[PDB]
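This document opens with one chain alone, in structure tokens, the form deposited in one PDB entry.
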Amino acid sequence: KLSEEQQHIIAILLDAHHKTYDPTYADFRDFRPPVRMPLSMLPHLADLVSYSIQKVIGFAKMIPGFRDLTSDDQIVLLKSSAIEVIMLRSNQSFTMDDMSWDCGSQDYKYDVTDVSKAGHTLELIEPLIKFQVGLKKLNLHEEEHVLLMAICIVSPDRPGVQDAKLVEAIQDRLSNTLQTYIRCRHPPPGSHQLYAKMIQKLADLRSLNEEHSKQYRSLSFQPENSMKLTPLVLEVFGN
């Protein structure tokens, strides 16, 4: 079934995720307050994204094999995947009850209008919501969720990757763990075409990444909006 190395990888990723994702969202109180009356939600959501990039980095450093990469490739992988992993990890707070990201209180409950109040349009937000729904619908085990984030981060085809054979090798070990996990631990019918549907989510994330990058570039070009960002967001996403 699952090898000991495969069981090891899952236990580490589970722990890595628990150490970087607080399901009580207690730190949200440190963010600039949400304003729902412009781009009124930009300070709050920029802080949320900035915080989330830090946590995504803390998760990534714990992925078995990620440490063996050069710092340059570590950098390229995190820079290109950061928004995608934020999209993936946000599925935990996302609720199909009202199509929103519910982080524990009405202040920290984010809907379509809040995201648009951060400078984004339906060109991003509609496919984003549709992503979140299709992802929710997979009913992933936490083990599959954390494997999916890790696979997303160690993607050998990201532009600027130097040692791609190594990135592919690290990813393959994660991919094989996920396939084996689905076969051994995920009961049918839930498991039906589950790996192929998870991989399709990774494809959906490329389009979302591209559209986010387009809108972010337009947003951040205005010095008055880029003023509202954080230094980390500027470094990771641009300008």
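Note that residue numbering follows the sequence shown and begins at 1. Rigid core (definition): largest C-alpha set, two forms, superposition within 1.5 Å.
The following text describes the form deposited in another entry, which does not appear among the structures shown.
K.L.:
Core aligned, which of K201, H186, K55, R173 has the Cα that shifts 2 angstroms or more between the shown form and the other one?
P.N.:
If I go through the list carefully, the shifting residue is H186.
K.L.:
If you line up the core, does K214 shift 2 angstroms or more at its C-alpha between the shown form and the other one?
P.N.:
Yes, because once the rigid core is superposed, the C-alpha of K214 moves 2 Å or more between the shown form and the other one.
K.L.:
Explain in one word, closer or farther, how the Cα atoms of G190 and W101 are placed in that other deposited form relative to this form, where the distance changes by 3 Å or more.
P.N.:
Their C-alpha distance grows by at least 3 Å in that other deposited form.
K.L.:
With a change of at least 3 Å, which way does the C-alpha separation between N176 and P189 go in that other deposited form: closer or farther?
P.N.:
Distance between the C-alphas of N176 and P189: shorter in that other deposited form, by 3 Å or more.
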